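A.B. asks: One structure coming up, written as structure tokens, with questions to follow.
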Amino acid sequence: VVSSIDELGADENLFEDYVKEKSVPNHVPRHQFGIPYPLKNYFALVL
Amino acid sequence: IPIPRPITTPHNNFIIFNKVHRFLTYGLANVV
């Protein structure tokens, strides 16, 4: 991690790319085809 | 008073075959 973007105050678009599991058939429906995946949101603490 | 004459129609049968192949697939890209 060397840049972290504020995944916050973004609220139906944030977890909205994930939604692809649409128009672009070139995102093999994630599920259905039972395909692996990476998560794009990691936790952290701050001060 | 006895009966004499005997005959008949068909004659069926069976048989089988055994084979053992070796095949292979490959982790083909799950793409469009």
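A.B. asks: Quick one: divide the alpha-carbon radius of gyration of the protein assembly as shown by 2.2 N^0.38 Å and tell me what you get.
C.D. replies: On the way: Rg = 33.7 Å, N = 79, 2.2 N^0.38 = 11.6 Å.
Its radius of gyration relative to the 2.2 N^0.38 Å reference: 2.91.
A.B. asks: Assign one of three labels to chain A, namely rounded, prolate or oblate, based on the Cα gyration tensor with a ≥ b ≥ c the square roots of its eigenvalues; rounded applies when a/c is under 1.5, prolate when it is not and a/b is larger than b/c, and oblate otherwise.
C.D. replies: On the way: a/c = 2.97, a/b = 1.93, b/c = 1.54.
Since a/c reaches 1.5 and a/b is larger than b/c, the shape of chain A is classed as prolate.
A.B. asks: What is the dipole size for chain A, taken about its Cα centre, with +1 at each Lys and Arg Cβ and -1 at each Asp and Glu Cβ, in debye to the nearest 20?
C.D. replies: On the way: 4 positive and 7 negative charges, 59 e Å.
With only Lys, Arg, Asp and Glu charged at Cβ, the dipole is about 280 debye.
A.B. asks: Mark the label point 7 Å from the Cα of A:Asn26 along Cα→Cβ and return the residues of segment B:11-32 whose backbone N is within less than 12 Å of it.
C.D. replies: Hits in segment B:11-32 for A:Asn26 at 12 Å: B:32.
Here Cβ is always computed from backbone atoms with ideal geometry, including for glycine, and neighbour counts include all displayed protein chains. Each reported figure results from applying straightforward, stated rules to the coordinates on display, with no laboratory input.
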